[PDB]
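Visitor: curious how this folds, go ahead:
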Amino acid sequence: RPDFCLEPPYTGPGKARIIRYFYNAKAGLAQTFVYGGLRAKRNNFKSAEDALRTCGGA
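Guide: Residues are numbered from 1 along each chain as shown. See below for the structure:
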């Protein structure tokens, strides 16, 4: 599983409220979170299906 999949979600400094997905490795689930629109990290997906394919494990 890529190492960036183990990071907590990162909202960042932007003032937007954009609903994105992160992979929660401890839970084993893709979950939603509020992203501010600036300086996303890689554990920040546009969909659940993308989060799971990238971070869900082989």
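Visitor: tell me which stretches of this structure form helices.
Guide: Secondary structure of the chain (DSSP state H): helices at 48-55.
Visitor: find the centremost residue of this protein, please.
Guide: Nearest residue to the geometric centre of the chain (CA atoms, centre = their mean): residue 22, 2.2 Å.
Visitor: and the gap between it and residue 37?
Guide: According to CB to CB, to the nearest Å, residue 22 stands 15 Å off from residue 37. The way it works is simple: take the backbone N, C-alpha and C, and place the C-beta from them, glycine included.
Visitor: excluding residues flanking it in the chain, which one is nearest the residue nearest to the centre of the chain?
Guide: The shortest distance from residue 22 to any non-neighbouring residue, by CB to CB, 6 or more residues apart in numbering, is to residue 9 (4.1 Å).
Visitor: please report phi then psi for the spatially closest residue to residue 41 that is not a sequence neighbour.
Guide: Nearest residue to residue 41, sequence neighbours excluded (CB to CB, 6+ apart): residue 10, at 4.4 Å. When read as degrees, to the nearest 10, the backbone of residue 10 gives phi -130, psi 110.
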